[PDB]
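The structure appears right after this line, and notes come after that.
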Amino acid sequence: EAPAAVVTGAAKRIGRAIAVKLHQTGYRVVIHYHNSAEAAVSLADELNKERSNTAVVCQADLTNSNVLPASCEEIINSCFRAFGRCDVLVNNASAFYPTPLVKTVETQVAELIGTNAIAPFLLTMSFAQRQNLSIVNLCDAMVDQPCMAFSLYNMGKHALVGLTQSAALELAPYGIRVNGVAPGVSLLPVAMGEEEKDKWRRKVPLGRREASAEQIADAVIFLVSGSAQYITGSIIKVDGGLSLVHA
Amino acid sequence: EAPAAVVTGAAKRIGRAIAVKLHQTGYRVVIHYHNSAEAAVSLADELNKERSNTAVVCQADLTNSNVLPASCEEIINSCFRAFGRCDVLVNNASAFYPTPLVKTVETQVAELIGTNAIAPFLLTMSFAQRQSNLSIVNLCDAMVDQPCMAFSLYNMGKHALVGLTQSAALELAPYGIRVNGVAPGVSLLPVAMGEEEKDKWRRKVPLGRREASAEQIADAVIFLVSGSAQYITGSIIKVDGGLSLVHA
Amino acid sequence: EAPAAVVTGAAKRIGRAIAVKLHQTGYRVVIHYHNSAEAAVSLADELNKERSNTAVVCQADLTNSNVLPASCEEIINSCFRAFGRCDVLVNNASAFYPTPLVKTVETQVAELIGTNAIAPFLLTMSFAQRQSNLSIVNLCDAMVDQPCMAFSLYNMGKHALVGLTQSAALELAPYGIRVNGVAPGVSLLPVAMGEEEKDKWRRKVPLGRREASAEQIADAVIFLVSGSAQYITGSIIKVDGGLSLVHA
Amino acid sequence: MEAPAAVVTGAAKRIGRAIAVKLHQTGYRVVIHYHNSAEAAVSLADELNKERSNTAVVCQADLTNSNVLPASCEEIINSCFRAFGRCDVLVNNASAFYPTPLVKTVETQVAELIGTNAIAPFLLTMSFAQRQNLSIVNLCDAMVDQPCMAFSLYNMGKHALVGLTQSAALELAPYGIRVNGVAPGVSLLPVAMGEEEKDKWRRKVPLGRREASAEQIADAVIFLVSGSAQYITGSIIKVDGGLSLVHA
Ligand SMILES: NC(=O)c1ccc[n+]([C@@H]2O[C@H](COP(=O)([O-])OP(=O)(O)OC[C@H]3O[C@@H](n4cnc5c(N)ncnc54)[C@H](OP(=O)(O)O)[C@@H]3O)[C@@H](O)[C@H]2O)c1
Ligand SMILES: NC(=O)c1ccc[n+]([C@@H]2O[C@H](COP(=O)([O-])OP(=O)(O)OC[C@H]3O[C@@H](n4cnc5c(N)ncnc54)[C@H](OP(=O)(O)O)[C@@H]3O)[C@@H](O)[C@H]2O)c1
Ligand SMILES: NC(=O)c1ccc[n+]([C@@H]2O[C@H](COP(=O)([O-])OP(=O)(O)OC[C@H]3O[C@@H](n4cnc5c(N)ncnc54)[C@H](OP(=O)(O)O)[C@@H]3O)[C@@H](O)[C@H]2O)c1
Ligand SMILES: NC(=O)c1ccc[n+]([C@@H]2O[C@H](COP(=O)([O-])OP(=O)(O)OC[C@H]3O[C@@H](n4cnc5c(N)ncnc54)[C@H](OP(=O)(O)O)[C@@H]3O)[C@@H](O)[C@H]2O)c1
Ligand SMILES: Nc1nc2ccc(SCc3ccc(C(=O)NCc4ccccc4)cc3)cc2s1
């Protein structure tokens with residue numbers, strides 16, 4: 001009788017905070033992961049200790065290929081197998097690295113466009129075909145002021161705005177809402193050094209600090225809740241004003 | 001200890017639903033009105049029966065004039081006098097009517113640009129000068145880029161209000177004051193507009209071919225003032241059931 | 001006969017470059033000015049020496065007041081009195097200065113909202129009521145969504161001007177009048193600004209690390225009024241060397 | 001030899017043909033890329049070469065996404081250097097367009113709609129820049145934010161193309177390469193379409209109740225590649241007759 005949600009890339013960082021906060025709200029969860037098997041199993045163990053039979057894991061690579069549609073169908077199917085329903089899809093998984101214009105390029109394309117855009121589209125198709133239903137896409141507040149040399153990443157995130165709009169329009173007559181949450185700087189890349197992390201922190205007007213994963217998850221919670229039942233096609237920036245700051 | 005909010009144009013329709021919902025969340029509220037004294041007092045009586053001394057009214061005309069700055073200063077002061085603090089400003093009051101390019105024009109300017117943009121700007125200055133979880137929410141319009149025919153001054157005022165939302169979010173972020181917007185599409189239809197004209201609009205909305213209730217607008221305001229939006233500033237949330245996505 | 005154009009704020013800087021380029025394209029021009037009478041008369045003299053009876057001046061304050069509608073009416077009338085027709089209006093005049101949230105405030109509203117938005121609206125109404133390739137070009141700002149700190153009234157006026165561009169393109173299309181904007185990033189820096197500060201702005205621009213020339217701004221205006229933009233209405237072209245794409 | 005050269009993708013018919021012709025009229029030598037329309041492409045190249053010898057060649061390539069697309073896009077750019085010794089302008093015009101309802105395999109639909117609309121432009125942009133008034137013009141869509149029902153993959157590819165236009169403008173600005181877009185609204189309508197359906201679209205356009213000609217779209221491309229646009233990068237000019245301003 002509890003609703004169920006799929007969260008992609010939910011083993012760590014922002015997807016983990018979203019899975020935790022959905023679980024705290026009453027949801028049963030599918031924790032999708034690609035490589036982070038130990039962290040995924042550890043999170044599902046922690047949620048199941050809190051309410052038994054309320055969490056499963058589901059492994060899949062979201063890189064574009066001719067078998068991506070079957071993998072995305074399987075992610076949705078795993079929610080129905082464990083819980084008998086699927087009320088919420090959160091498209092959180094994402095590849096992120098530079099692709100300068102001046103891995104082979106076709107693998108770069110498959111990974112950055114597949115995880116950020118194609119996989120969300122196919123998960124959206126499988127979600128809708130299997131049916132307060134809603135989908136939330138993790139977008140990027142800086143998509144119009146992009147990082148230098150991130151053209152494929154930026155293309156995938158713009159494509160994800162277009163999917164949020166197109167699917168909100170096409171799925172409205174089934175009662176499925178589709179919206180996005182657009183972080184600015186939240187948890188900084190593990191690879192990143194401390195002086196560089198501070199450099200980004202200092203650009204944020206509201207507090208000169210990055211968003212916690214929980215602050216990002218809070219906006220996801222609102223969008224799936226009964227307090228957003230007339231909201232579809234909207235993207236909420238959660239960026240502390242970063243996107244307002246000129247060069 | 002209980003936070004306090006000012007809601008402009010709070011006697012009826014969307015501003016009333018926002019004042020009720022804040023009061024329900026535990027805020028003390030200033031109900032601002034221009035011509036609707038009876039309705040504003042009736043709301044205040046209903047809220048003070050629930051919790052004593054938690055709602056006052058405040059009269060002001062928000063037309064642009066040489067006295068609008070004094071009027072905006074008084075609205076904010078009335079919150080500080082009644083409650084000792086002012087944590088939230090909701091700029092909800094709005095004039096709305098057509099102004100064909102082909103009332104004197106300068107009166108139309110004073111109402112459509114004065115209430116919709118200049119009063120928000122002056123209220124924002126007074127709110128910020130007199131300064132927690134402090135935030136301002138501006139009622140924007142989700143159809144600002146696909147405007148109604150012959151509504152140029154209205155459309156100009158609502159675009160100015162987006163500019164104020166972004167500029168004030170940037171400038172007040174250092175003070176811990178967040179500034180955001182909520183942009184309805186079709187909500188409560190204008191009372192005058194015929195019931196056939198209203199049906200035409202409802203049928204265009206993707207989500208449930210109906211208008212937003214006022215309470216659905218109020219729900220987004222409540223989120224943006226809450227501790228769940230503490231990193232959000234300069235954001236405008238559309239609450240339009242998808243209407244702004246629909247091509248001609 | 002040659003077509004005719006009004007350019008507001010045309011005595012110096014970008015408005016001068018626009019009047020010169022329209023004149024070199026074959027237009028008769030009304031050179032509007034406020035304070036710069038010597039520079040205005042000097043430019044008309046230069047253009048008249050190149051072709052006689054092709055340039056006049058017209059003085060008007062574009063600050064908002066109860067007489068702004070008459071002054072805007074008179075600017076348009078001056079083009080009809082001089083040249084028998086008015087084909088193009090360029091809304092270039094602009095006040096620009098900080099208005100921190102934390103002159104009287106009502107004077108700042110009247111200047112920054114009057115010159116940047118209300119005057120363009122009233123000149124658009126008079127241009128359309130007095131009515132081939134008719135169009136209006138509004139000088140907008142490429143950085144309206146990443147505003148300079150403490151410039152809220154200026155930013156509000158330039159957002160209102162984007163609103164007017166869209167609303168008037170919509171409403172005047174049935175009459176064959178196109179309405180478009182040109183949005184500079186950094187072009188001619190303010191006269192008062194020191195070289196050190198000008199260089200800080202230059203270094204932000206991806207394309208060439210320099211500001212736009214007045215002539216580069218004028219080239220986009222010339223395109224939008226030309227027969228090469230006959231299907232373009234409601235468009236704002238940024239001429240900013242990529243500045244608006246640069247993150248913090 | 002001193003004449004510049006341009007690649008136009010999908011140039012055998014319709015918009016891409018009108019862009020190839022106008023570039024050639026301006027003094028460019030042209031590579032006419034095609035996929036299936038060999039007879040039309042050769043017919044165009046022959047007409048252009050009759051006008052001026054040795055100024056047009058054709059180049060065949062499928063721009064669907066695949067492991068060989070990178071090599072194909074490299075060869076299109078290479079064909080311009082082999083034919084003409086230089087490549088000054090890339091116009092990304094080729095486009096697949098058909099509905100992909102959420103409720104041909106889906107992976108073919110992905111390869112065709114995302115490869116032609118977005119990945120091929122990116123690979124062509126990489127190859128163009130690696131081999132270097134240089135500029136790229138991408139054919140975008142004015143109605144991206146108000147999309148046709150059941151066109152999600154087409155709409156995703158055209159949003160990805162906006163992102164490429166902005167990202168590549170920022171990254172290539174240090175090499176002097178400008179990157180811009182032209183966004184038609186409704187231009188030449190599908191061959192198949194009955195006049196009664198074409199009229200439903202025509203009627204929605206404010207400026208003239210008609211679609212843009214291919215020439216009107218080509219005119220905006222000519223402006224962006226010209227010396228009149230030398231400070232413009234990262235901008236998308238809508239050429240849509242006001243269509244995108246019209247609410248449902
Ligand atoms: N963090 C920020 O500052 C920020 C800023 C703007 C936008 N965002 C957006 O917010 C979302 C969450 O951000 P984040 O920093 O938490 O993300 P992240 O840690 O960079 O990535 C999230 C997860 O995505 C999964 N992933 C990557 N490649 C994949 C593939 N090929 N197949 C399947 N899964 C794959 C990984 O799962 P495994 O670990 O299981 O391999 C990874 O843990 C992302 O969509 C991001 O673009 C974040
Ligand atoms: N209703 C919708 O569907 C919709 C759609 C888009 C945007 N919005 C926006 O949402 C907000 C609320 O909408 P609504 O329909 O509830 O608004 P509304 O009923 O049109 O007006 C709200 C209140 O504004 C006050 N007001 C009007 N002119 C004024 C003046 N010169 N001085 C002081 N107050 C004045 C009036 O208060 P008194 O009654 O006390 O005189 C009025 O009751 C507005 O900002 C509006 O622009 C609403
Ligand atoms: N310059 C830039 O880098 C830049 C950047 C972004 C946007 N823009 C926009 O591009 C346009 C041209 O820029 P600019 O730097 O050439 O403009 P500007 O020199 O700052 O102003 C142009 C003219 O505006 C007129 N003006 C000011 N207040 C007025 C009033 N109350 N009544 C009537 N006229 C008034 C003045 O005429 P008098 O001298 O006769 O008094 C002035 O010469 C402006 O709209 C500006 O906002 C410029
Ligand atoms: N027409 C409009 O109303 C309109 C509206 C909005 C945007 N646009 C945009 O404007 C541009 C031109 O419009 P249009 O109507 O002229 O285009 P179109 O006729 O639909 O297509 C242009 C050419 O694209 C090529 N193309 C299609 N699939 C391809 C593939 N898999 N590989 C390589 N080339 C392929 C085809 O070449 P072959 O014929 O040689 O196979 C076709 O002739 C397009 O980007 C379009 O999206 C047009
Ligand atoms: N999947 C993810 N998407 C995003 C998007 C934005 C951000 S924070 C902003 C930011 C952080 C790092 C850089 C940067 O230059 N990173 C280098 C880099 C390359 C590959 C992996 C990790 C970091 C640029 C912008 C973080 C993430 S995580």
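Chain labels A, B, ... are given in the sequence in which chains occur in the structure tokens; within each chain residues are numbered consecutively from 1, and ligands are likewise numbered from 1 in the order shown.
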**OP:** Check every residue of chain B for an atom within 10 Å of chain A, counting only C-alpha atoms, and provide those that qualify as a PyMOL selection string.
**Re:** chain B and resi 166-167+169-179+184+205-213+215-220+222-224+227-246
| field | Close residues, segment 21-29 of chain C itself excluded, 9 Å, only C-alpha atoms, min 6 positions apart in chain, as an NGL selection string | value | :C and (2-7 or 44 or 47 or 53-57 or 79 or 83 or 215 or 218-219 or 221-222)
Residues within 6 Å of ligand 3, counting only C-alpha atoms and all ligand atoms, as a list in words:
residues 9, 11, 12, 13, 14, 15, 33, 34, 35, 36, 60, 61, 62, 63, 92, 93, 94, 95, 111, 115, 139, 140, 141, 184, 185, 186, 187, 188 and 189 of chain C
Expected file contents, prior selection, N, CA and C atoms, as a PDB file, in the first residue's frame:
```
ATOM      1  N   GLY C   9      17.854  59.452 -28.485  1.00  0.00           N
ATOM      2  CA  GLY C   9      19.191  59.508 -27.884  1.00  0.00           C
ATOM      3  C   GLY C   9      20.299  59.405 -28.921  1.00  0.00           C
ATOM      4  N   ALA C  11      22.375  61.700 -30.410  1.00  0.00           N
ATOM      5  CA  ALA C  11      23.432  62.738 -30.565  1.00  0.00           C
ATOM      6  C   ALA C  11      24.836  62.124 -30.532  1.00  0.00           C
ATOM      7  N   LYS C  12      24.998  61.048 -29.759  1.00  0.00           N
ATOM      8  CA  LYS C  12      26.326  60.521 -29.466  1.00  0.00           C
ATOM      9  C   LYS C  12      26.265  58.986 -29.410  1.00  0.00           C
ATOM     10  N   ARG C  13      27.444  58.389 -29.356  1.00  0.00           N
ATOM     11  CA  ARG C  13      27.633  56.999 -28.964  1.00  0.00           C
ATOM     12  C   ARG C  13      26.826  56.104 -29.903  1.00  0.00           C
ATOM     13  N   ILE C  14      26.055  55.156 -29.362  1.00  0.00           N
ATOM     14  CA  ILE C  14      25.469  54.091 -30.223  1.00  0.00           C
ATOM     15  C   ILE C  14      24.318  54.697 -31.025  1.00  0.00           C
ATOM     16  N   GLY C  15      23.554  55.583 -30.399  1.00  0.00           N
ATOM     17  CA  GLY C  15      22.423  56.196 -31.179  1.00  0.00           C
ATOM     18  C   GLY C  15      22.938  56.978 -32.392  1.00  0.00           C
ATOM     19  N   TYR C  33      17.333  64.198 -29.064  1.00  0.00           N
ATOM     20  CA  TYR C  33      18.283  64.361 -27.980  1.00  0.00           C
ATOM     21  C   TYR C  33      17.564  64.990 -26.763  1.00  0.00           C
ATOM     22  N   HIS C  34      18.236  64.981 -25.644  1.00  0.00           N
ATOM     23  CA  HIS C  34      17.668  65.532 -24.395  1.00  0.00           C
ATOM     24  C   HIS C  34      18.543  66.748 -24.038  1.00  0.00           C
ATOM     25  N   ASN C  35      19.760  66.481 -23.560  1.00  0.00           N
ATOM     26  CA  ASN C  35      20.735  67.491 -23.113  1.00  0.00           C
ATOM     27  C   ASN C  35      21.784  67.807 -24.193  1.00  0.00           C
ATOM     28  N   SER C  36      22.050  66.909 -25.147  1.00  0.00           N
ATOM     29  CA  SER C  36      23.256  67.052 -26.028  1.00  0.00           C
ATOM     30  C   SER C  36      22.918  67.855 -27.298  1.00  0.00           C
ATOM     31  N   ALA C  60      13.623  66.234 -26.472  1.00  0.00           N
ATOM     32  CA  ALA C  60      12.556  65.753 -25.576  1.00  0.00           C
ATOM     33  C   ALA C  60      13.215  65.080 -24.377  1.00  0.00           C
ATOM     34  N   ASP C  61      12.705  65.377 -23.164  1.00  0.00           N
ATOM     35  CA  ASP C  61      13.015  64.619 -21.971  1.00  0.00           C
ATOM     36  C   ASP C  61      12.129  63.377 -22.039  1.00  0.00           C
ATOM     37  N   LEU C  62      12.706  62.193 -21.788  1.00  0.00           N
ATOM     38  CA  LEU C  62      11.898  60.929 -21.834  1.00  0.00           C
ATOM     39  C   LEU C  62      11.685  60.336 -20.450  1.00  0.00           C
ATOM     40  N   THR C  63      11.962  61.148 -19.423  1.00  0.00           N
ATOM     41  CA  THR C  63      11.611  60.822 -18.045  1.00  0.00           C
ATOM     42  C   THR C  63      10.089  60.627 -17.994  1.00  0.00           C
ATOM     43  N   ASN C  92      16.487  53.857 -28.518  1.00  0.00           N
ATOM     44  CA  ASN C  92      17.922  53.717 -28.116  1.00  0.00           C
ATOM     45  C   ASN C  92      18.174  54.489 -26.798  1.00  0.00           C
ATOM     46  N   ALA C  93      17.492  55.625 -26.571  1.00  0.00           N
ATOM     47  CA  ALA C  93      17.758  56.494 -25.352  1.00  0.00           C
ATOM     48  C   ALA C  93      17.597  55.652 -24.079  1.00  0.00           C
ATOM     49  N   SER C  94      18.491  55.850 -23.099  1.00  0.00           N
ATOM     50  CA  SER C  94      18.436  55.057 -21.912  1.00  0.00           C
ATOM     51  C   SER C  94      19.126  55.789 -20.749  1.00  0.00           C
ATOM     52  N   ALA C  95      18.517  55.789 -19.558  1.00  0.00           N
ATOM     53  CA  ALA C  95      19.220  56.201 -18.326  1.00  0.00           C
ATOM     54  C   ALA C  95      19.828  54.943 -17.711  1.00  0.00           C
ATOM     55  N   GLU C 111      12.965  58.164 -14.194  1.00  0.00           N
ATOM     56  CA  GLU C 111      14.020  58.179 -15.213  1.00  0.00           C
ATOM     57  C   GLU C 111      14.336  56.761 -15.718  1.00  0.00           C
ATOM     58  N   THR C 115      12.672  56.206 -19.248  1.00  0.00           N
ATOM     59  CA  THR C 115      13.444  56.212 -20.494  1.00  0.00           C
ATOM     60  C   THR C 115      13.543  54.806 -21.052  1.00  0.00           C
ATOM     61  N   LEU C 139      16.590  48.906 -28.188  1.00  0.00           N
ATOM     62  CA  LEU C 139      17.951  48.535 -27.678  1.00  0.00           C
ATOM     63  C   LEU C 139      17.787  47.961 -26.263  1.00  0.00           C
ATOM     64  N   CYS C 140      18.028  46.626 -26.157  1.00  0.00           N
ATOM     65  CA  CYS C 140      17.789  45.828 -24.986  1.00  0.00           C
ATOM     66  C   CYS C 140      19.149  45.628 -24.277  1.00  0.00           C
ATOM     67  N   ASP C 141      19.320  44.569 -23.503  1.00  0.00           N
ATOM     68  CA  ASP C 141      20.591  44.383 -22.771  1.00  0.00           C
ATOM     69  C   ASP C 141      20.807  42.842 -22.685  1.00  0.00           C
ATOM     70  N   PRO C 184      23.055  44.551 -26.802  1.00  0.00           N
ATOM     71  CA  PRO C 184      24.554  44.586 -26.663  1.00  0.00           C
ATOM     72  C   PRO C 184      24.916  43.932 -25.347  1.00  0.00           C
ATOM     73  N   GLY C 185      26.164  43.442 -25.285  1.00  0.00           N
ATOM     74  CA  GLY C 185      26.716  43.042 -23.986  1.00  0.00           C
ATOM     75  C   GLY C 185      27.488  44.234 -23.445  1.00  0.00           C
ATOM     76  N   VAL C 186      28.771  44.240 -23.671  1.00  0.00           N
ATOM     77  CA  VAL C 186      29.537  45.464 -23.414  1.00  0.00           C
ATOM     78  C   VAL C 186      29.923  46.078 -24.756  1.00  0.00           C
ATOM     79  N   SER C 187      29.521  47.317 -24.916  1.00  0.00           N
ATOM     80  CA  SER C 187      29.833  48.039 -26.089  1.00  0.00           C
ATOM     81  C   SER C 187      30.603  49.235 -25.573  1.00  0.00           C
ATOM     82  N   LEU C 188      30.283  50.408 -26.065  1.00  0.00           N
ATOM     83  CA  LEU C 188      31.044  51.616 -25.608  1.00  0.00           C
ATOM     84  C   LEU C 188      30.890  51.734 -24.096  1.00  0.00           C
ATOM     85  N   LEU C 189      32.018  51.739 -23.398  1.00  0.00           N
ATOM     86  CA  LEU C 189      31.945  51.788 -21.992  1.00  0.00           C
ATOM     87  C   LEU C 189      31.558  53.229 -21.588  1.00  0.00           C
TER      88      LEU C 189
END
```
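Separating atom CA of residue 86 of chain A from atom CA of residue 167 of chain A is a distance of 17.2 Å.
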Need the shell around segment 41-47 of chain A: protein/DNA/RNA residues with any atom at most 10 Å away, counting only C-alpha atoms. Skip same-chain ones fewer than 4 positions apart. Format as a PyMOL selection string?
chain A and resi 10-12+16+19-20+23-24+28-31+33+36-37+51-58
Would you save the residues of that selection, restricted to N, CA, C and O atoms, as an mmCIF file, in the first residue's frame?
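out10.cif written:
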```cif
data_model
loop_
_atom_site.group_PDB
_atom_site.id
_atom_site.type_symbol
_atom_site.label_atom_id
_atom_site.label_comp_id
_atom_site.auth_asym_id
_atom_site.auth_seq_id
_atom_site.Cartn_x
_atom_site.Cartn_y
_atom_site.Cartn_z
ATOM 1 N N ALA A 10 21.606 5.884 -7.447
ATOM 2 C CA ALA A 10 21.149 6.212 -6.040
ATOM 3 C C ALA A 10 22.123 5.653 -4.983
ATOM 4 O O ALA A 10 21.872 5.797 -3.773
ATOM 5 N N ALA A 11 23.250 5.084 -5.393
ATOM 6 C CA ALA A 11 24.185 4.490 -4.379
ATOM 7 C C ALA A 11 24.897 5.580 -3.594
ATOM 8 O O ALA A 11 25.268 5.343 -2.413
ATOM 9 N N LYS A 12 25.134 6.730 -4.202
ATOM 10 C CA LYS A 12 25.972 7.685 -3.517
ATOM 11 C C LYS A 12 25.416 9.102 -3.726
ATOM 12 O O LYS A 12 24.510 9.277 -4.521
ATOM 13 N N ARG A 16 21.564 9.147 -3.595
ATOM 14 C CA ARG A 16 21.417 8.485 -2.253
ATOM 15 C C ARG A 16 20.517 9.331 -1.335
ATOM 16 O O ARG A 16 19.596 8.821 -0.708
ATOM 17 N N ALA A 19 17.024 8.961 -2.482
ATOM 18 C CA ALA A 19 16.419 7.649 -2.104
ATOM 19 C C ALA A 19 16.044 7.678 -0.594
ATOM 20 O O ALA A 19 14.972 7.220 -0.195
ATOM 21 N N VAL A 20 16.948 8.201 0.219
ATOM 22 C CA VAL A 20 16.750 8.235 1.670
ATOM 23 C C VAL A 20 15.533 9.077 2.011
ATOM 24 O O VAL A 20 14.652 8.654 2.763
ATOM 25 N N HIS A 23 12.361 7.481 1.006
ATOM 26 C CA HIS A 23 12.062 6.320 1.963
ATOM 27 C C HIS A 23 11.475 6.874 3.287
ATOM 28 O O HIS A 23 10.473 6.361 3.812
ATOM 29 N N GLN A 24 12.074 7.951 3.784
ATOM 30 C CA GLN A 24 11.596 8.656 4.999
ATOM 31 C C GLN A 24 10.171 9.183 4.830
ATOM 32 O O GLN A 24 9.430 9.224 5.782
ATOM 33 N N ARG A 28 8.557 2.953 -0.881
ATOM 34 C CA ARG A 28 9.511 1.828 -1.174
ATOM 35 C C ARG A 28 10.428 2.238 -2.346
ATOM 36 O O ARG A 28 9.977 3.006 -3.173
ATOM 37 N N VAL A 29 11.671 1.794 -2.371
ATOM 38 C CA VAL A 29 12.648 2.343 -3.357
ATOM 39 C C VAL A 29 13.406 1.237 -4.100
ATOM 40 O O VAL A 29 13.885 0.263 -3.482
ATOM 41 N N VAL A 30 13.611 1.456 -5.413
ATOM 42 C CA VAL A 30 14.618 0.744 -6.195
ATOM 43 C C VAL A 30 15.831 1.645 -6.266
ATOM 44 O O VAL A 30 15.733 2.802 -6.819
ATOM 45 N N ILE A 31 16.936 1.138 -5.737
ATOM 46 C CA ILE A 31 18.203 1.809 -5.798
ATOM 47 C C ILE A 31 18.953 1.292 -7.029
ATOM 48 O O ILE A 31 19.538 0.198 -6.996
ATOM 49 N N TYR A 33 22.079 1.251 -9.611
ATOM 50 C CA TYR A 33 23.529 1.561 -9.569
ATOM 51 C C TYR A 33 24.197 0.929 -10.797
ATOM 52 O O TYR A 33 23.624 0.092 -11.480
ATOM 53 N N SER A 36 28.607 0.979 -8.335
ATOM 54 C CA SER A 36 28.815 1.145 -6.865
ATOM 55 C C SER A 36 28.009 0.068 -6.122
ATOM 56 O O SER A 36 26.978 0.372 -5.437
ATOM 57 N N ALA A 37 28.423 -1.186 -6.301
ATOM 58 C CA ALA A 37 27.605 -2.314 -5.820
ATOM 59 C C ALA A 37 27.615 -2.341 -4.283
ATOM 60 O O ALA A 37 26.576 -2.515 -3.678
ATOM 61 N N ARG A 51 12.469 -0.323 7.651
ATOM 62 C CA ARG A 51 11.158 -0.936 7.405
ATOM 63 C C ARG A 51 11.366 -2.129 6.465
ATOM 64 O O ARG A 51 11.748 -1.980 5.290
ATOM 65 N N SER A 52 11.125 -3.337 6.937
ATOM 66 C CA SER A 52 11.570 -4.479 6.142
ATOM 67 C C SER A 52 10.869 -4.497 4.767
ATOM 68 O O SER A 52 9.694 -4.130 4.662
ATOM 69 N N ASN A 53 11.562 -4.993 3.744
ATOM 70 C CA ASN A 53 10.945 -5.225 2.417
ATOM 71 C C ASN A 53 10.579 -3.880 1.752
ATOM 72 O O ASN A 53 9.533 -3.790 1.083
ATOM 73 N N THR A 54 11.399 -2.865 1.962
ATOM 74 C CA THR A 54 11.022 -1.525 1.404
ATOM 75 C C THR A 54 12.087 -1.016 0.405
ATOM 76 O O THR A 54 11.933 0.098 -0.119
ATOM 77 N N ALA A 55 13.152 -1.797 0.160
ATOM 78 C CA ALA A 55 14.274 -1.372 -0.686
ATOM 79 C C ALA A 55 14.823 -2.563 -1.461
ATOM 80 O O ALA A 55 15.034 -3.644 -0.877
ATOM 81 N N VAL A 56 15.104 -2.362 -2.756
ATOM 82 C CA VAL A 56 15.915 -3.345 -3.514
ATOM 83 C C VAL A 56 16.978 -2.585 -4.312
ATOM 84 O O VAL A 56 16.831 -1.357 -4.480
ATOM 85 N N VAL A 57 18.011 -3.293 -4.817
ATOM 86 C CA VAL A 57 18.946 -2.726 -5.775
ATOM 87 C C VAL A 57 18.676 -3.260 -7.194
ATOM 88 O O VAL A 57 18.032 -4.320 -7.409
ATOM 89 N N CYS A 58 19.178 -2.524 -8.207
ATOM 90 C CA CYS A 58 19.002 -2.969 -9.580
ATOM 91 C C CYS A 58 20.217 -2.479 -10.356
ATOM 92 O O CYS A 58 20.454 -1.290 -10.356
#
```
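Selecting chain D residues within 9 Å of chain B and counting only C-alpha atoms yields residues 143, 145, 146, 147, 148, 149, 201, 204, 205, 243, 244, 245, 246, 247 and 248 of chain D.
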Expected file contents, prior selection, N, CA and C atoms, as a compact mmCIF listing (two decimals), in the first residue's frame:
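As written to disk, result20.txt reads:
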```
# COMPACT_ATOMS: atom_id res chain seq x y z
N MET D 143 10.21 26.84 -31.93
CA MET D 143 9.15 26.29 -31.08
C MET D 143 9.72 25.23 -30.14
N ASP D 145 10.51 25.31 -27.04
CA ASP D 145 9.87 25.30 -25.73
C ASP D 145 8.37 25.16 -25.76
N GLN D 146 7.76 25.00 -26.94
CA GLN D 146 6.35 24.75 -27.04
C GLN D 146 6.19 23.62 -28.07
N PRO D 147 6.64 22.44 -27.71
CA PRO D 147 6.91 21.42 -28.75
C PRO D 147 5.64 20.76 -29.33
N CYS D 148 5.73 20.21 -30.52
CA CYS D 148 4.62 19.40 -31.04
C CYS D 148 4.48 18.14 -30.18
N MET D 149 3.23 17.78 -29.93
CA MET D 149 2.85 16.58 -29.20
C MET D 149 3.53 15.35 -29.83
N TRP D 201 -1.72 25.89 -40.11
CA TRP D 201 -0.45 26.43 -39.59
C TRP D 201 -0.27 27.89 -40.01
N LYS D 204 -1.87 30.55 -38.06
CA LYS D 204 -1.43 30.87 -36.70
C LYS D 204 -0.29 31.90 -36.71
N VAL D 205 0.30 32.26 -37.85
CA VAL D 205 1.46 33.15 -37.86
C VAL D 205 0.96 34.60 -37.85
N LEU D 243 5.38 33.58 -34.46
CA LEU D 243 4.66 32.34 -34.11
C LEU D 243 4.93 31.91 -32.65
N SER D 244 6.19 32.00 -32.20
CA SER D 244 6.49 31.49 -30.88
C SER D 244 5.88 32.36 -29.75
N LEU D 245 5.38 33.57 -30.08
CA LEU D 245 4.77 34.52 -29.07
C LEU D 245 3.30 34.20 -28.85
N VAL D 246 2.75 33.26 -29.64
CA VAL D 246 1.27 33.04 -29.66
C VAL D 246 0.92 31.96 -28.64
N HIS D 247 0.05 32.30 -27.70
CA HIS D 247 -0.36 31.35 -26.65
C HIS D 247 -1.39 30.38 -27.25
N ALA D 248 -1.62 29.24 -26.59
CA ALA D 248 -2.54 28.20 -27.03
C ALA D 248 -3.97 28.77 -27.14
```
